[PDB]
>>> print(open('upload39.cif').read())   # mmCIF, C-alpha atoms and all ligand atoms
data_upload
#
loop_
_atom_site.group_PDB
_atom_site.id
_atom_site.type_symbol
_atom_site.label_atom_id
_atom_site.label_comp_id
_atom_site.auth_asym_id
_atom_site.auth_seq_id
_atom_site.Cartn_x
_atom_site.Cartn_y
_atom_site.Cartn_z
ATOM 1 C CA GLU A 7 7.969 -25.879 -19.320
ATOM 2 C CA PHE A 8 7.797 -27.667 -22.715
ATOM 3 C CA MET A 9 7.730 -24.251 -24.509
ATOM 4 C CA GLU A 10 11.298 -23.546 -23.205
ATOM 5 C CA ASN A 11 12.276 -26.179 -25.883
ATOM 6 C CA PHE A 12 11.414 -23.516 -28.547
ATOM 7 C CA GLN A 13 13.497 -20.352 -29.128
ATOM 8 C CA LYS A 14 10.442 -18.281 -30.127
ATOM 9 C CA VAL A 15 6.742 -19.187 -30.341
ATOM 10 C CA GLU A 16 4.186 -16.986 -32.289
ATOM 11 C CA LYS A 17 0.455 -17.676 -33.006
ATOM 12 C CA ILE A 18 -0.200 -18.598 -36.746
ATOM 13 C CA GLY A 19 -3.918 -19.175 -36.356
ATOM 14 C CA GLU A 20 -6.818 -21.003 -34.716
ATOM 15 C CA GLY A 21 -7.099 -24.691 -35.690
ATOM 16 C CA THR A 22 -10.032 -27.132 -35.347
ATOM 17 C CA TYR A 23 -8.643 -28.363 -31.946
ATOM 18 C CA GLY A 24 -6.504 -25.514 -30.578
ATOM 19 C CA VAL A 25 -4.096 -22.674 -31.244
ATOM 20 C CA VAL A 26 -1.416 -23.146 -33.963
ATOM 21 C CA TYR A 27 2.022 -21.614 -33.383
ATOM 22 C CA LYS A 28 5.066 -21.183 -35.559
ATOM 23 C CA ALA A 29 8.009 -22.134 -33.349
ATOM 24 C CA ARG A 30 11.810 -22.696 -33.517
ATOM 25 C CA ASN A 31 13.122 -25.911 -31.853
ATOM 26 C CA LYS A 32 15.974 -24.792 -29.538
ATOM 27 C CA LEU A 33 18.338 -27.792 -30.026
ATOM 28 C CA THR A 34 17.879 -28.328 -33.841
ATOM 29 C CA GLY A 35 16.939 -24.735 -34.925
ATOM 30 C CA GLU A 36 14.152 -26.150 -37.104
ATOM 31 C CA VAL A 37 11.003 -24.068 -37.648
ATOM 32 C CA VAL A 38 7.841 -26.053 -36.982
ATOM 33 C CA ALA A 39 4.124 -25.730 -36.571
ATOM 34 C CA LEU A 40 3.009 -26.493 -33.023
ATOM 35 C CA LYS A 41 -0.694 -27.395 -32.482
ATOM 36 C CA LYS A 42 -2.287 -27.426 -29.037
ATOM 37 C CA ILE A 43 -5.145 -30.014 -28.795
ATOM 38 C CA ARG A 44 -7.723 -28.914 -26.119
ATOM 39 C CA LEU A 45 -9.677 -31.420 -23.897
ATOM 40 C CA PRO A 53 -7.298 -39.605 -23.185
ATOM 41 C CA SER A 54 -5.158 -42.748 -23.879
ATOM 42 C CA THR A 55 -6.924 -44.123 -27.029
ATOM 43 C CA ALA A 56 -6.224 -40.801 -28.924
ATOM 44 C CA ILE A 57 -2.498 -40.881 -27.843
ATOM 45 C CA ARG A 58 -1.983 -44.422 -29.285
ATOM 46 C CA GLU A 59 -3.822 -43.524 -32.560
ATOM 47 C CA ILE A 60 -2.022 -40.177 -33.069
ATOM 48 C CA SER A 61 1.425 -41.687 -32.205
ATOM 49 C CA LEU A 62 0.974 -44.278 -35.047
ATOM 50 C CA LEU A 63 0.732 -41.333 -37.549
ATOM 51 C CA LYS A 64 4.483 -40.531 -36.910
ATOM 52 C CA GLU A 65 5.214 -43.482 -39.258
ATOM 53 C CA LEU A 66 2.698 -42.364 -42.025
ATOM 54 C CA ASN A 67 5.369 -40.466 -44.037
ATOM 55 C CA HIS A 68 4.946 -39.315 -47.619
ATOM 56 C CA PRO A 69 6.088 -36.257 -49.573
ATOM 57 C CA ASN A 70 2.446 -35.048 -49.990
ATOM 58 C CA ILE A 71 1.581 -35.511 -46.286
ATOM 59 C CA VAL A 72 2.621 -32.808 -43.797
ATOM 60 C CA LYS A 73 5.148 -34.572 -41.575
ATOM 61 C CA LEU A 74 4.126 -35.301 -37.966
ATOM 62 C CA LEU A 75 7.455 -34.809 -36.118
ATOM 63 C CA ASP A 76 6.337 -35.429 -32.488
ATOM 64 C CA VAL A 77 3.415 -35.973 -30.143
ATOM 65 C CA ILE A 78 3.851 -34.409 -26.661
ATOM 66 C CA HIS A 79 1.484 -35.269 -23.723
ATOM 67 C CA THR A 80 2.211 -32.971 -20.698
ATOM 68 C CA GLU A 81 0.216 -31.308 -17.858
ATOM 69 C CA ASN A 82 -2.884 -33.101 -19.287
ATOM 70 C CA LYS A 83 -2.369 -31.138 -22.600
ATOM 71 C CA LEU A 84 -1.435 -32.610 -26.037
ATOM 72 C CA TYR A 85 0.812 -30.804 -28.571
ATOM 73 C CA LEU A 86 1.543 -31.965 -32.080
ATOM 74 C CA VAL A 87 4.715 -30.834 -33.799
ATOM 75 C CA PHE A 88 4.457 -30.682 -37.585
ATOM 76 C CA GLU A 89 6.550 -29.703 -40.571
ATOM 77 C CA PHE A 90 6.022 -26.001 -41.341
ATOM 78 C CA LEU A 91 4.784 -24.721 -44.681
ATOM 79 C CA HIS A 92 4.298 -21.045 -45.480
ATOM 80 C CA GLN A 93 0.891 -20.931 -47.279
ATOM 81 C CA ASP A 94 -2.430 -22.809 -47.473
ATOM 82 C CA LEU A 95 -4.573 -23.355 -50.586
ATOM 83 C CA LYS A 96 -7.391 -21.143 -49.196
ATOM 84 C CA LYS A 97 -5.052 -18.142 -49.054
ATOM 85 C CA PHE A 98 -3.529 -19.031 -52.464
ATOM 86 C CA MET A 99 -6.989 -19.257 -54.139
ATOM 87 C CA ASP A 100 -8.057 -15.961 -52.502
ATOM 88 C CA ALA A 101 -4.787 -14.391 -53.841
ATOM 89 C CA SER A 102 -5.364 -15.957 -57.358
ATOM 90 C CA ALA A 103 -9.068 -14.781 -57.512
ATOM 91 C CA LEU A 104 -8.597 -12.177 -60.313
ATOM 92 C CA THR A 105 -6.975 -14.662 -62.787
ATOM 93 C CA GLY A 106 -7.601 -18.096 -61.241
ATOM 94 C CA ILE A 107 -4.981 -20.807 -60.629
ATOM 95 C CA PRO A 108 -3.612 -21.887 -64.056
ATOM 96 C CA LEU A 109 -4.997 -25.313 -65.175
ATOM 97 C CA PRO A 110 -1.506 -26.908 -65.240
ATOM 98 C CA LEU A 111 -1.022 -25.977 -61.574
ATOM 99 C CA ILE A 112 -4.585 -27.118 -60.626
ATOM 100 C CA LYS A 113 -3.720 -30.405 -62.357
ATOM 101 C CA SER A 114 -0.344 -30.740 -60.563
ATOM 102 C CA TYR A 115 -1.981 -30.022 -57.203
ATOM 103 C CA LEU A 116 -4.795 -32.519 -57.760
ATOM 104 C CA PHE A 117 -2.285 -35.146 -58.895
ATOM 105 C CA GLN A 118 -0.124 -34.636 -55.803
ATOM 106 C CA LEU A 119 -3.126 -34.647 -53.452
ATOM 107 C CA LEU A 120 -4.342 -37.931 -54.996
ATOM 108 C CA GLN A 121 -0.872 -39.385 -54.415
ATOM 109 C CA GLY A 122 -1.061 -38.425 -50.743
ATOM 110 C CA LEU A 123 -4.583 -39.903 -50.428
ATOM 111 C CA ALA A 124 -3.515 -43.067 -52.260
ATOM 112 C CA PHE A 125 -0.651 -43.496 -49.752
ATOM 113 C CA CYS A 126 -2.756 -42.910 -46.642
ATOM 114 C CA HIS A 127 -5.690 -45.010 -47.938
ATOM 115 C CA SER A 128 -3.259 -47.903 -48.707
ATOM 116 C CA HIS A 129 -2.351 -47.797 -44.936
ATOM 117 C CA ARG A 130 -6.086 -47.673 -43.948
ATOM 118 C CA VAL A 131 -5.837 -44.076 -42.709
ATOM 119 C CA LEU A 132 -8.601 -41.548 -43.550
ATOM 120 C CA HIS A 133 -8.570 -37.743 -43.306
ATOM 121 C CA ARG A 134 -12.403 -37.196 -43.025
ATOM 122 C CA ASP A 135 -12.056 -33.351 -42.961
ATOM 123 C CA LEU A 136 -10.243 -32.182 -46.107
ATOM 124 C CA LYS A 137 -10.631 -28.496 -46.867
ATOM 125 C CA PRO A 138 -8.479 -25.804 -48.566
ATOM 126 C CA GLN A 139 -7.298 -24.617 -45.063
ATOM 127 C CA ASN A 140 -5.520 -28.029 -44.543
ATOM 128 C CA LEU A 141 -3.809 -28.200 -47.893
ATOM 129 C CA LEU A 142 -0.396 -26.531 -47.557
ATOM 130 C CA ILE A 143 1.870 -25.337 -50.373
ATOM 131 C CA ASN A 144 5.543 -24.437 -50.731
ATOM 132 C CA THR A 145 7.640 -22.428 -53.238
ATOM 133 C CA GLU A 146 8.752 -25.667 -55.054
ATOM 134 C CA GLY A 147 5.250 -26.453 -56.456
ATOM 135 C CA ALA A 148 4.450 -29.067 -53.769
ATOM 136 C CA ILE A 149 1.138 -29.417 -51.970
ATOM 137 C CA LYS A 150 0.627 -31.481 -48.850
ATOM 138 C CA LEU A 151 -2.287 -32.687 -46.769
ATOM 139 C CA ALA A 152 -2.280 -31.465 -43.148
ATOM 140 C CA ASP A 153 -4.043 -33.017 -40.129
ATOM 141 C CA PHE A 154 -4.493 -36.502 -41.721
ATOM 142 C CA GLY A 155 -5.723 -39.043 -39.100
ATOM 143 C CA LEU A 156 -6.746 -36.427 -36.462
ATOM 144 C CA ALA A 157 -10.541 -36.717 -37.076
ATOM 145 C CA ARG A 158 -10.486 -40.475 -36.223
ATOM 146 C CA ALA A 159 -8.577 -39.620 -32.971
ATOM 147 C CA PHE A 160 -10.586 -36.557 -31.680
ATOM 148 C CA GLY A 161 -13.790 -36.406 -33.819
ATOM 149 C CA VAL A 162 -14.948 -33.527 -36.071
ATOM 150 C CA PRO A 163 -16.786 -31.049 -33.788
ATOM 151 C CA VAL A 164 -19.640 -28.695 -34.871
ATOM 152 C CA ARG A 165 -17.611 -25.712 -33.496
ATOM 153 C CA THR A 166 -13.849 -25.159 -32.950
ATOM 154 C CA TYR A 167 -12.317 -24.346 -29.570
ATOM 155 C CA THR A 168 -12.930 -20.586 -30.420
ATOM 156 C CA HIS A 169 -16.610 -21.270 -31.417
ATOM 157 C CA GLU A 170 -15.822 -21.006 -35.196
ATOM 158 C CA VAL A 171 -18.191 -23.077 -37.347
ATOM 159 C CA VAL A 172 -16.410 -26.124 -38.781
ATOM 160 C CA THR A 173 -17.153 -26.013 -42.532
ATOM 161 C CA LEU A 174 -19.636 -28.534 -44.043
ATOM 162 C CA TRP A 175 -18.796 -27.568 -47.642
ATOM 163 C CA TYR A 176 -16.547 -30.590 -48.342
ATOM 164 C CA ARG A 177 -18.551 -33.197 -46.421
ATOM 165 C CA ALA A 178 -19.564 -36.399 -48.318
ATOM 166 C CA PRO A 179 -23.300 -37.131 -48.644
ATOM 167 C CA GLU A 180 -23.050 -40.467 -46.811
ATOM 168 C CA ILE A 181 -21.813 -38.555 -43.720
ATOM 169 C CA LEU A 182 -24.654 -36.021 -44.003
ATOM 170 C CA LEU A 183 -27.162 -38.929 -44.370
ATOM 171 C CA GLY A 184 -25.937 -40.488 -41.094
ATOM 172 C CA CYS A 185 -23.786 -43.418 -42.284
ATOM 173 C CA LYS A 186 -21.786 -44.646 -39.284
ATOM 174 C CA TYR A 187 -18.945 -46.334 -41.237
ATOM 175 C CA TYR A 188 -16.737 -43.819 -43.055
ATOM 176 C CA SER A 189 -14.765 -45.140 -45.991
ATOM 177 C CA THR A 190 -11.843 -43.658 -47.860
ATOM 178 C CA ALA A 191 -14.411 -42.459 -50.433
ATOM 179 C CA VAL A 192 -15.238 -39.519 -48.128
ATOM 180 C CA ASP A 193 -11.798 -38.023 -48.920
ATOM 181 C CA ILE A 194 -12.274 -38.421 -52.698
ATOM 182 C CA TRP A 195 -15.557 -36.519 -52.384
ATOM 183 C CA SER A 196 -13.877 -33.662 -50.483
ATOM 184 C CA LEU A 197 -11.022 -33.483 -52.951
ATOM 185 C CA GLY A 198 -13.537 -33.369 -55.885
ATOM 186 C CA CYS A 199 -15.265 -30.423 -54.266
ATOM 187 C CA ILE A 200 -11.828 -28.709 -53.884
ATOM 188 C CA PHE A 201 -10.954 -29.474 -57.515
ATOM 189 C CA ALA A 202 -14.164 -27.796 -58.651
ATOM 190 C CA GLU A 203 -13.467 -24.756 -56.456
ATOM 191 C CA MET A 204 -9.953 -24.311 -57.870
ATOM 192 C CA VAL A 205 -11.408 -24.394 -61.444
ATOM 193 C CA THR A 206 -14.425 -22.115 -60.921
ATOM 194 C CA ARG A 207 -13.015 -19.859 -58.141
ATOM 195 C CA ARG A 208 -16.253 -20.512 -56.142
ATOM 196 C CA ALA A 209 -16.992 -23.181 -53.542
ATOM 197 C CA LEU A 210 -19.089 -25.908 -55.185
ATOM 198 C CA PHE A 211 -21.468 -26.581 -52.250
ATOM 199 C CA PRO A 212 -21.204 -23.757 -49.663
ATOM 200 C CA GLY A 213 -23.827 -25.052 -47.238
ATOM 201 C CA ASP A 214 -24.533 -23.231 -44.006
ATOM 202 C CA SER A 215 -26.361 -26.075 -42.227
ATOM 203 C CA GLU A 216 -26.601 -29.895 -42.578
ATOM 204 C CA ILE A 217 -29.802 -29.657 -44.709
ATOM 205 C CA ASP A 218 -28.589 -26.699 -46.809
ATOM 206 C CA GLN A 219 -25.406 -28.706 -47.536
ATOM 207 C CA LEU A 220 -27.391 -31.789 -48.467
ATOM 208 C CA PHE A 221 -29.931 -29.784 -50.663
ATOM 209 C CA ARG A 222 -27.090 -27.911 -52.452
ATOM 210 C CA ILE A 223 -25.555 -31.269 -53.383
ATOM 211 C CA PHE A 224 -29.025 -32.473 -54.539
ATOM 212 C CA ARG A 225 -29.768 -29.361 -56.634
ATOM 213 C CA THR A 226 -26.500 -29.905 -58.625
ATOM 214 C CA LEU A 227 -26.128 -33.716 -58.790
ATOM 215 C CA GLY A 228 -29.875 -34.631 -58.523
ATOM 216 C CA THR A 229 -31.689 -35.982 -55.511
ATOM 217 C CA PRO A 230 -30.217 -39.466 -55.042
ATOM 218 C CA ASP A 231 -32.478 -42.493 -55.374
ATOM 219 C CA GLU A 232 -32.177 -46.265 -55.298
ATOM 220 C CA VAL A 233 -31.182 -46.291 -59.032
ATOM 221 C CA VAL A 234 -27.963 -44.256 -58.560
ATOM 222 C CA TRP A 235 -27.393 -45.229 -54.896
ATOM 223 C CA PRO A 236 -28.715 -48.574 -53.820
ATOM 224 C CA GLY A 237 -29.522 -48.398 -50.127
ATOM 225 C CA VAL A 238 -29.760 -44.584 -49.888
ATOM 226 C CA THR A 239 -33.493 -44.550 -48.888
ATOM 227 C CA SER A 240 -32.625 -46.724 -45.785
ATOM 228 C CA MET A 241 -29.888 -44.264 -44.539
ATOM 229 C CA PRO A 242 -30.527 -42.988 -40.956
ATOM 230 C CA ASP A 243 -31.162 -39.328 -41.938
ATOM 231 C CA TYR A 244 -32.781 -39.971 -45.341
ATOM 232 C CA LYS A 245 -36.309 -38.611 -45.532
ATOM 233 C CA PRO A 246 -38.788 -39.541 -48.237
ATOM 234 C CA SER A 247 -39.976 -35.905 -48.137
ATOM 235 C CA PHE A 248 -36.657 -34.637 -49.582
ATOM 236 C CA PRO A 249 -37.434 -32.568 -52.698
ATOM 237 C CA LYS A 250 -36.650 -34.305 -56.022
ATOM 238 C CA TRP A 251 -34.240 -32.153 -58.069
ATOM 239 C CA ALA A 252 -32.982 -33.227 -61.526
ATOM 240 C CA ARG A 253 -29.246 -33.782 -62.308
ATOM 241 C CA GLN A 254 -27.313 -30.850 -63.903
ATOM 242 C CA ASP A 255 -24.631 -31.203 -66.651
ATOM 243 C CA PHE A 256 -21.008 -30.737 -65.399
ATOM 244 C CA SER A 257 -20.511 -28.485 -68.449
ATOM 245 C CA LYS A 258 -22.667 -25.963 -66.530
ATOM 246 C CA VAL A 259 -21.169 -26.716 -63.102
ATOM 247 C CA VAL A 260 -17.386 -26.368 -63.779
ATOM 248 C CA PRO A 261 -16.810 -24.434 -67.036
ATOM 249 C CA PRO A 262 -14.420 -24.235 -68.647
ATOM 250 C CA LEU A 263 -12.925 -27.600 -67.492
ATOM 251 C CA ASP A 264 -12.303 -30.088 -70.371
ATOM 252 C CA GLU A 265 -14.037 -33.493 -70.892
ATOM 253 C CA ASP A 266 -11.025 -35.248 -69.239
ATOM 254 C CA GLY A 267 -11.485 -33.118 -66.077
ATOM 255 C CA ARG A 268 -15.311 -33.205 -66.149
ATOM 256 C CA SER A 269 -15.189 -37.037 -66.449
ATOM 257 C CA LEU A 270 -12.759 -37.365 -63.521
ATOM 258 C CA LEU A 271 -14.750 -34.901 -61.351
ATOM 259 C CA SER A 272 -17.996 -36.855 -62.044
ATOM 260 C CA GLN A 273 -16.284 -40.062 -60.847
ATOM 261 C CA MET A 274 -15.058 -38.279 -57.691
ATOM 262 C CA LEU A 275 -18.609 -37.044 -56.961
ATOM 263 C CA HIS A 276 -20.515 -40.328 -57.458
ATOM 264 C CA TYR A 277 -23.190 -40.614 -54.793
ATOM 265 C CA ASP A 278 -22.558 -44.297 -54.057
ATOM 266 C CA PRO A 279 -19.284 -44.428 -52.093
ATOM 267 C CA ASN A 280 -18.618 -47.893 -53.596
ATOM 268 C CA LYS A 281 -18.868 -46.450 -57.151
ATOM 269 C CA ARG A 282 -16.747 -43.335 -56.337
ATOM 270 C CA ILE A 283 -13.280 -43.533 -57.933
ATOM 271 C CA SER A 284 -10.340 -44.498 -55.693
ATOM 272 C CA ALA A 285 -7.269 -42.264 -55.378
ATOM 273 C CA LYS A 286 -5.223 -45.009 -57.073
ATOM 274 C CA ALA A 287 -7.614 -45.280 -60.061
ATOM 275 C CA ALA A 288 -7.867 -41.479 -60.311
ATOM 276 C CA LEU A 289 -4.048 -41.252 -60.747
ATOM 277 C CA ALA A 290 -4.467 -43.379 -63.938
ATOM 278 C CA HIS A 291 -7.207 -41.123 -65.378
ATOM 279 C CA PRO A 292 -6.484 -39.582 -68.825
ATOM 280 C CA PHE A 293 -6.775 -36.082 -67.225
ATOM 281 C CA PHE A 294 -3.225 -36.676 -65.860
ATOM 282 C CA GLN A 295 -1.666 -37.735 -69.179
ATOM 283 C CA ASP A 296 -0.052 -34.265 -69.622
ATOM 284 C CA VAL A 297 0.579 -33.514 -65.904
ATOM 285 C CA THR A 298 3.588 -31.310 -65.028
ATOM 286 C CA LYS A 299 4.915 -29.671 -61.844
ATOM 287 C CA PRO A 300 4.801 -25.870 -62.340
ATOM 288 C CA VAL A 301 6.237 -23.248 -59.880
ATOM 289 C CA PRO A 302 3.493 -21.129 -58.257
ATOM 290 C CA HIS A 303 4.303 -17.446 -57.698
ATOM 291 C CA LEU A 304 4.262 -17.131 -53.851
ATOM 292 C CA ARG A 305 4.560 -13.802 -51.994
ATOM 293 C CA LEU A 306 5.887 -14.901 -48.553
HETATM 294 N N1 LIG A 401 2.028 -23.432 -41.386
HETATM 295 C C1 LIG A 401 1.413 -24.518 -41.060
HETATM 296 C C2 LIG A 401 0.032 -24.484 -40.779
HETATM 297 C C3 LIG A 401 -0.602 -25.673 -40.490
HETATM 298 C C4 LIG A 401 0.109 -26.849 -40.495
HETATM 299 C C5 LIG A 401 1.478 -26.801 -40.787
HETATM 300 N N2 LIG A 401 2.164 -27.910 -40.805
HETATM 301 N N3 LIG A 401 2.146 -25.648 -41.050
#
>>> encode(input="upload39.cif", output="structure tokens", more="lines below")
Ligand SMILES: Nc1cccc(N)n1
Amino acid sequence: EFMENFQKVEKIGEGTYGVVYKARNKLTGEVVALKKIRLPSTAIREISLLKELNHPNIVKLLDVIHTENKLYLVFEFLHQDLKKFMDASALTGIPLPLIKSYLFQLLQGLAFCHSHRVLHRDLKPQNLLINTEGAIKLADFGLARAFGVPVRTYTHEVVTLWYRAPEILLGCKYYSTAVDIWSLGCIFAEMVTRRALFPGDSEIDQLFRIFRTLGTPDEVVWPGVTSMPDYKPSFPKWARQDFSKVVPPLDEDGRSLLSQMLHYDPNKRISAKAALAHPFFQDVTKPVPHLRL
């Protein structure tokens, strides 16, 4: 009966956890995204706390509804995601000033959430939403800690591994905020080159793609790595490649920042806060993207 509180409800897409609708709230007239979560009291108390985690680069969580043993999340609506925008920008690429603006904004959103001890864990272009004003916002922040990250979605879609940090792949139990910096570095690279950086199609393909670009990690670059649950001494030993070959034609400011975002050791990996101070952002601006809505 909860859908009678919306004037119209149309399917947008298929999310990690359930159907996503665009909907119009009957009393207020506001247009929202409405996410059904398919199936639990621990998740309700965790999700409800995210209503306070408000920032201009975080998609606003308006309400959490638990009814008829189903959970709905009501979010701020934005018209386009970064996946669609990079597909649409494929012929020319996203201009560097707009890549820079987007990365800057995303780091501000991470810095905010990380300062409140909230992780995303599953960043990907799909969950980065853009508007006509040159803003970009992180969607679904805090949901992975509540519900987990499944292998398959509710519609059997494969949840992407492409943005997953190596410590997760190697079986580390304790996530840190560094996992989100890793994901964002992979997204940065993809905006620049117009081709996913590590498009793995299994846990080992993901891991070995990372290794064949950044080198097989060892105890010199990552103290403790050889004691990780899923580390195997039989991993092939690939050498490290130069970022100049990996993300041309990025500059030495961008290549330096990307390298810090893709450090193997999560304790070495740059923080969102420190990344905001990087010389790459000295000339940052906020351009207008051309959006066809
Ligand atoms: N359009 C849309 C898609 C996902 C999340 C949100 N907030 N809005």
>>> residues_near_ligand(input="upload39.cif", ligand="ligand LIG 401 (chain A)", cutoff="10 Å", atoms="only C-alpha atoms and all ligand atoms", output="NGL selection string")
:A and (18-21 or 26-28 or 37-41 or 71-75 or 86-94 or 139-143 or 150-153)
>>> atom_distance(input="upload39.cif", atom1="CA of residue 55 (chain A)", atom2="CA of residue 158 (chain A)")
10.5 Å
>>> closest_residue(input="upload39.cif", among="A:33, A:120, A:182, A:25", to="residue 291 (chain A)", atoms="only C-alpha atoms")
A:120
>>> resolve_selection(input="upload39.cif", expression="the PyMOL selection byres (((chain A and resi 198) around 12) and not hetatm)", output="compact mmCIF listing (two decimals) with C-alpha atoms, in the coordinates of the input")
# COMPACT_ATOMS: atom_id res chain seq x y z
CA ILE A 112 -4.58 -27.12 -60.63
CA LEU A 116 -4.80 -32.52 -57.76
CA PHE A 117 -2.28 -35.15 -58.90
CA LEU A 119 -3.13 -34.65 -53.45
CA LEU A 120 -4.34 -37.93 -55.00
CA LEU A 136 -10.24 -32.18 -46.11
CA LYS A 137 -10.63 -28.50 -46.87
CA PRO A 138 -8.48 -25.80 -48.57
CA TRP A 175 -18.80 -27.57 -47.64
CA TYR A 176 -16.55 -30.59 -48.34
CA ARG A 177 -18.55 -33.20 -46.42
CA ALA A 178 -19.56 -36.40 -48.32
CA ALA A 191 -14.41 -42.46 -50.43
CA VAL A 192 -15.24 -39.52 -48.13
CA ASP A 193 -11.80 -38.02 -48.92
CA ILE A 194 -12.27 -38.42 -52.70
CA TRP A 195 -15.56 -36.52 -52.38
CA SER A 196 -13.88 -33.66 -50.48
CA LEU A 197 -11.02 -33.48 -52.95
CA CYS A 199 -15.26 -30.42 -54.27
CA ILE A 200 -11.83 -28.71 -53.88
CA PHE A 201 -10.95 -29.47 -57.52
CA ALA A 202 -14.16 -27.80 -58.65
CA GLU A 203 -13.47 -24.76 -56.46
CA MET A 204 -9.95 -24.31 -57.87
CA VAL A 205 -11.41 -24.39 -61.44
CA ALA A 209 -16.99 -23.18 -53.54
CA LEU A 210 -19.09 -25.91 -55.18
CA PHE A 211 -21.47 -26.58 -52.25
CA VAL A 260 -17.39 -26.37 -63.78
CA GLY A 267 -11.48 -33.12 -66.08
CA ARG A 268 -15.31 -33.20 -66.15
CA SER A 269 -15.19 -37.04 -66.45
CA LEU A 270 -12.76 -37.36 -63.52
CA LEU A 271 -14.75 -34.90 -61.35
CA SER A 272 -18.00 -36.85 -62.04
CA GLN A 273 -16.28 -40.06 -60.85
CA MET A 274 -15.06 -38.28 -57.69
CA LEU A 275 -18.61 -37.04 -56.96
CA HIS A 276 -20.52 -40.33 -57.46
CA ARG A 282 -16.75 -43.34 -56.34
CA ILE A 283 -13.28 -43.53 -57.93
CA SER A 284 -10.34 -44.50 -55.69
CA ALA A 285 -7.27 -42.26 -55.38
CA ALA A 288 -7.87 -41.48 -60.31
>>> closest_residue(input="upload39.cif", among="A:184, A:155, A:261, A:122", to="residue 62 (chain A)", atoms="all atoms listed in the file")
A:155
>>> atom_distance(input="upload39.cif", atom1="CA of residue 212 (chain A)", atom2="CA of residue 292 (chain A)")
28.9 Å
>>> closest_residue(input="upload39.cif", among="A:83, A:113, A:30, A:286", to="residue 147 (chain A)", atoms="all atoms listed in the file")
A:113
